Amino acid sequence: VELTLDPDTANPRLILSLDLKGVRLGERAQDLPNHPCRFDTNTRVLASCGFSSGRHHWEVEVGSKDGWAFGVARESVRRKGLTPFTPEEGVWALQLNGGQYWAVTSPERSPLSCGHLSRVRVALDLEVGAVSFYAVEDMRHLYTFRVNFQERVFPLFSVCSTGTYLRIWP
């Protein structure tokens, strides 16, 4: 029922928690098989469940320090080589970097004056075409990407430095 991180997609430097809800960046690459679905360079992991229709919620507990980005990716997001982290590559995400919260628009990111984030509710609407993010304390709106999604969409998580984490909460 509830989402878990999919180890076969995870960049081999990531460490997934035993319960498959949490992700952080490790200090060494694990020796994992080089499956076509595995992100081999960018520090990403998908949930094991993707969505082709309907409306869906999940929540993400976020670290207080820099290094994370999360949201959704189109299934065709490129897995191999160093790729941009942009809407054009099929990534729609929030990010904590430089001590600021961002919606990762392109070519320039959009800084969010949202105050401190602890947990975020993600609302994916494949019927109308939107993904929205809310801070759970008061459900204040963080950002909405309006996208005419044309394929299956997966929850996406990325952690590119040590000292922070993301965790699915349900």
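Don't overthink the numbering: it's just position in the shown sequence, from 1.
Undergrad: Averaging only over Cα atoms, indicate whether 29-37 or 45-53 has the higher B-factor in the PDB entry.
TA: Stretch with the higher mean C-alpha B-factor: 29-37.
Undergrad: If you average the CA temperature factors over each stretch, which comes out higher, 11-19 or 153-161?
TA: Averaged over C-alpha atoms, the B-factors run higher in 11-19.
Undergrad: Please say which third, lowest, middle or highest, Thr83 falls into when its CA temperature factor is compared across its chain.
TA: CA B-factor rank for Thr83: middle third.
Undergrad: Can you work out whether the C-alpha temperature factor of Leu117 puts it in the lowest, middle or highest third of the chain?
TA: Within its chain, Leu117 is a middle-third residue by C-alpha B-factor, going by the deposited values.
Undergrad: Where does the C-alpha B-factor of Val136 rank in its chain, lowest, middle or highest third?
TA: Top third by C-alpha B-factor.
Undergrad: Where does the C-alpha B-factor of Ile168 rank in its chain, lowest, middle or highest third?
TA: As the PDB entry reports it, the C-alpha B-factor of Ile168 lands in the middle third of its chain.
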